[PDB]
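S.K.: take this sequence and fold it.
(chains A and B, ligands or ions: 2)
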Amino acid sequence: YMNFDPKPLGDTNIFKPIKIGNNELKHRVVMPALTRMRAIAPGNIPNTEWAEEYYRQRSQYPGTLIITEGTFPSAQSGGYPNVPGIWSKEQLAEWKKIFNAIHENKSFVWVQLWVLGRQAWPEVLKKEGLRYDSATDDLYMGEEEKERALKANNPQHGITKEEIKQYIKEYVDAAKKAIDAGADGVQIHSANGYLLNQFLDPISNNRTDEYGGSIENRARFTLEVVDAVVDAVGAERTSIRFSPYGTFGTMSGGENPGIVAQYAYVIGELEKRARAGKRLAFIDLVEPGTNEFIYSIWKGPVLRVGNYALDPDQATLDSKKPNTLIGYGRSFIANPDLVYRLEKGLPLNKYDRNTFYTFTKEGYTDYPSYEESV
Amino acid sequence: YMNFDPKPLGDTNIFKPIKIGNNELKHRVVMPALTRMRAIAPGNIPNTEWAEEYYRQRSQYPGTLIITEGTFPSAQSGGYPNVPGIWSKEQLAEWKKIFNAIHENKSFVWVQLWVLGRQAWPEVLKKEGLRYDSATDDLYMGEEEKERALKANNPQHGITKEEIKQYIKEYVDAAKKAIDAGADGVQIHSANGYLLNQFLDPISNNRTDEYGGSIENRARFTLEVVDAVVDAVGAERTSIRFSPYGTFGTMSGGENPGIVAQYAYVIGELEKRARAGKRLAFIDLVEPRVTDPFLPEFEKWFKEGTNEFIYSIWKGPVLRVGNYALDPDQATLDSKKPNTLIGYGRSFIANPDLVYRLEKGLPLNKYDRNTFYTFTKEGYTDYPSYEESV
Ligand SMILES: Cc1cc2nc3c(=O)[nH]c(=O)nc-3n(C[C@H](O)[C@H](O)[C@H](O)COP(=O)(O)O)c2cc1C
Ligand SMILES: Cc1cc2nc3c(=O)[nH]c(=O)nc-3n(C[C@H](O)[C@H](O)[C@H](O)COP(=O)(O)O)c2cc1C
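M.R.: Numbers count the residues shown, from 1 in each chain, chains lettered A, B, ... in the order given. Ligands and ions are numbered 1, 2, ... in the order given. The coordinates are given below.
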């Protein structure tokens, strides 16, 4: 079991119901998007053989919001062979099964749409005849990644206006397919140093067209994606994720003092859209400065994710803020019955980091329920 | 006495000493800038006859930070005839006396440099052959104000690049003169809807040159003033005041959800300058006002925000001002945040010994709004110090 003194959350805000988009959540413990690398290659196909049971376990407490693992909305968005896609018929046939399992449990599923940019593996992309994309040609994540891209004869490529538009069409296509197959909503991944974050952050975007050179310009791609997705599926079925203080992927974080203003701009623009009648279902923030700033800008639901499993005091406190959901990542990997365990203040299984990203049933669906653990 | 149950603050962080700029404060109760209009017209001359005593009284607790009333750095900056300036020999002679009285009391004095813009009285300016200035020709603060300007034949004038540079020169001139006359520092007024704020806020600035059209351009003037003043007198003798949620002067406040970004940007630019070796002594923020209880449910939450975001950006001292007199628990709470100073406005008008009273949890005199801006010693130097109840 994890090393903390467990405390029951059942009489806190974390266990009050809330409406998020179209869904009546019975509580506010959320499963955030978690990359697990169990999808089948080739074809980036969801591995229903193992994945259906994974999402069934974790949606077992009725009225849970589940956000899927990052899912590629197109081939060119991708680059990791064992991450699922949602653009092909054969992918969607498998997703439908997963969604059905979550719905049988009377829980909800939101698909996270994930586009890699410079975090992709350039030799895998090259094999598939695909570009190694980012905001720029020359701002590589690091010298090792640069040497990787050069060795693959797939140098980083700052995307054109036309290729930007093609991405936006791919977000749209993937969002409509997800909803058509039964998903309750989609989440636009704009965090953790992937493609849209690469535009947002000045460390990875010094473009001199309208997509770089200012806070407004750096937010433009993200906001065009939001607007296109909102138009296709409705704001009630759309969410977005940010990581203001993240440095993963060679992003700025707090080391750049202008980082908060970048996020306050983009969230303000989402707020302006909401006042005009198109309010996103929720904004998801990665916890580290602090994320307190959001509450002065966005007047909609907020999901906060990061470090809450070992800190029920801080989860309790943050949930007193208005319309705040509390996400659990690593602890949800390791605890199928996390919601129950949180509600009752039971000990939590320790996670096994060695099986986070392996192509195995082990460390995926064999973590025990509280009863089994005893 | 104010109708509240006072609580003592002397064992809180409010009464822990702190170094601001060159000055060792004994405590964190600050007198913020307070316009009182006792200056002599013509000449915008500090009224030493009364003003020396006013500032002597309120500086009596040793080691208090006093920020002066807003003070014009040149004539063209002004437009209120009973507000002081600090450009002329006559003005400076009286300021010297005022600063010496604060220093005799072992306290410190920072001159707020105040530039009016469209808040000015256009007929007052016209009589002196001065412009009625703002970011734009056409975005007036309201219809009444537009008529006032037109009847005075002094229409609003969006200032040129050369004129922006001449204002910056006047801030510099005034800062150097202020420091020469013995001021401990200066505070750039960039709040409450005055000239600099009119540039910061999109509601009053849609210029299509490098001073409008984006967060960065809207900030340009304020940051030009900061940089010029810092280079002239040093960062340790320079401060700045913002009012992110203010609507005074027909500013946006929280009703515009893009307002926080504007301020996070400017403050981040200051943090950048700090990290490179030039840290402003402090940033002064006006707190959000108490909300209108009659706002409908939705518009209540729309307007709502706090200044807590500053602590995620700026790593230096913060002065927070607004609504603390009647809420010692909140002052106590806000003072436990890093390097935080607490300002008292209306209550320092009314309580010359306000520091002592907050230290020991004594009743506070009521303020009389009728004499906030009257050219009188009455309601200026006649509020009494605490006199024991029998
Ligand atoms: C194995 C693993 C996979 C992850 N995959 C994703 C992903 O697909 N998309 C995403 O936005 N964040 C992802 N994250 C970040 C988590 O959602 C969450 O923000 C992070 O784990 C912090 O939460 P925790 O402290 O409760 O683990 C992942 C984290 C881990 C540990
Ligand atoms: C009569 C009066 C004069 C003021 N003059 C100034 C001024 O010259 N400069 C300034 O930045 N703020 C000025 N303010 C605003 C105060 O500094 C302070 O932000 C405000 O009074 C709220 O604080 P309080 O609730 O303790 O009064 C003034 C306020 C009042 C009531």
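S.K.: please make it C-alpha for all contacts and neighbour counts, starting now.
M.R.: OK.
S.K.: going on from the helix or strand harbouring residue A:165, what's the next piece of helix or strand?
M.R.: Per DSSP states H and E, residue A:165 falls inside helix A:161-180. Once the chain leaves helix A:161-180, the next helix or strand it forms, by DSSP H and E, is strand A:185-189.
S.K.: show me what that next one is in contact with.
M.R.: Contact with strand A:185-189 is made by A:21, A:67, A:70, A:109-115, A:175, A:178-179, A:196, A:225-226, A:236-242, as judged by CA atoms under 8 Å, 6 or more residues apart in numbering or on different chains.
S.K.: what's the span of stretch A:232-246, first residue to last?
M.R.: End-to-end distance for stretch A:232-246, by CA to CA, to the nearest Å: 30 Å.
S.K.: do stretch A:293-308 as well
M.R.: 19 Å.
S.K.: can you tell me if that stretch touches chain B.
M.R.: Yes. Stretch A:293-308 is in contact with chain B by CA under 8 Å from any CA of the partner chain, via A:293, A:295, A:296, A:297, A:298, A:299.
S.K.: from the middle of its chain, how far away would that stretch be?
M.R.: Counting by CA atoms, centre = their mean, to the nearest Å, stretch A:293-308 is centred 15 Å from the centre of its parent chain.
S.K.: now swap in stretch A:7-27 and tell me
M.R.: Between the centre of stretch A:7-27 and the centre of its chain there are 20 Å (CA atoms, centre = their mean).
S.K.: what's the answer for stretch A:269-279, then?
M.R.: 21 Å.
S.K.: tell me where chain A has helices.
M.R.: A:48-58, A:89-104, A:122-127, A:143-151, A:161-180, A:195-200, A:215-233, A:259-275, A:312-318, A:330-334, A:338-344, A:370-373 (DSSP state H).
S.K.: what about these, which gets the closest to residue A:26?
M.R.: helix A:338-344 (10.8 Å; CA to CA).
S.K.: list the buried residues of that closest one.
M.R.: Residues A:338, A:339, A:340, A:341, A:342, A:343 are the ones in helix A:338-344 that count as buried (16 or more other CA atoms under 10 Å in any protein chain shown).
S.K.: okay, those in TSV with distance to residue A:28 next?
M.R.: Formatted as TSV, the buried residues of helix A:338-344 follow (distance: CA to CA, whole Å):
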residue	distance to residue A:28
A:338	12
A:339	9
A:340	12
A:341	14
A:342	11
A:343	11
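S.K.: contact partners for whichever residue of the stretch 1-150 of chain A sits closest to ligand 2?
M.R.: Relative to ligand 2, the nearest point of the stretch 1-150 of chain A is residue A:13 (33.3 Å; CA to the nearest ligand atom). By CA under 8 Å, 6+ apart, the contact set of residue A:13 is A:28, A:316, A:319, A:320.
S.K.: ok, how many other residues are close to residue A:195?
M.R.: Residues lying near residue A:195 (other CA atoms under 10 Å in any protein chain shown) number 25.
S.K.: ignore the last one, residue A:99
M.R.: Residue A:99 has 24 neighbours, counted by other CA under 10 Å.
S.K.: cool, and residue A:322?
M.R.: With other CA under 10 Å as criterion, residue A:322 counts 13.
S.K.: separation between it and residue A:298?
M.R.: Distance from residue A:322 to residue A:298, by CA to CA: 11 Å.
S.K.: interface residues of the stretch 101-250 of chain A facing chain B?
M.R.: Residues of the stretch 101-250 of chain A lying near chain B (CA under 8 Å from any CA): A:214, A:215, A:216.
S.K.: next, the contact list for the first one, please.
M.R.: By CA under 8 Å, 6+ apart, the contact list for residue A:214 reads residue B:216.
S.K.: and with 6 Å instead?
M.R.: Residue A:214 makes no contacts at all, as judged by CA atoms under 6 Å, 6 or more residues apart in numbering or on different chains.
S.K.: on that earlier part again, just name the most buried of the helices of chain A.
M.R.: Ranked by mean neighbour count, these are led by helix A:195-200 with a mean of 28 (mean count of other CA atoms under 10 Å in any protein chain shown).
S.K.: hang on, the earlier thing: selecting buried members of the contacts of residue A:13 in ChimeraX, what would you type?
M.R.: In ChimeraX, a selection of the buried entries from those looks like this (16+ other CA under 10 Å):
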select /A:28,316,319
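S.K.: with the contacts of residue A:13 in mind, which one is nearest to residue A:330?
M.R.: residue A:28 (16.8 Å).
S.K.: ok, that closest one touching residue A:18?
M.R.: No. Counting by CA atoms under 6 Å, residue A:28 does not reach residue A:18; the two are 7.3 Å apart.
S.K.: report the contact partners of the residue of the stretch 151-300 of chain A found nearest ligand 2.
M.R.: Distance from ligand 2 to each residue of the stretch 151-300 of chain A (CA to the nearest ligand atom) is smallest for residue A:296, at 19.9 Å. Contact analysis of residue A:296 by CA under 6 Å, 6+ apart lists residue B:305.
S.K.: then the one 5 residues further on?
M.R.: When contacts are counted by CA under 6 Å, 6+ apart, residue A:301 is found next to A:282, A:323, A:324.
S.K.: how far away is it from residue A:236?
M.R.: For residue A:301, the distance to residue A:236 - CA to CA - is 11 Å.
S.K.: burial measure for residue A:160, as a count.
M.R.: So residue A:160, with other CA under 10 Å, has 15 neighbours.
S.K.: same check on residue A:366?
M.R.: Counted with other CA under 10 Å, residue A:366 comes out at 12.
S.K.: now it. Its backbone dihedrals?
M.R.: Residue A:366 adopts backbone torsions of phi -100, psi 10, taken as degrees, to the nearest 10.
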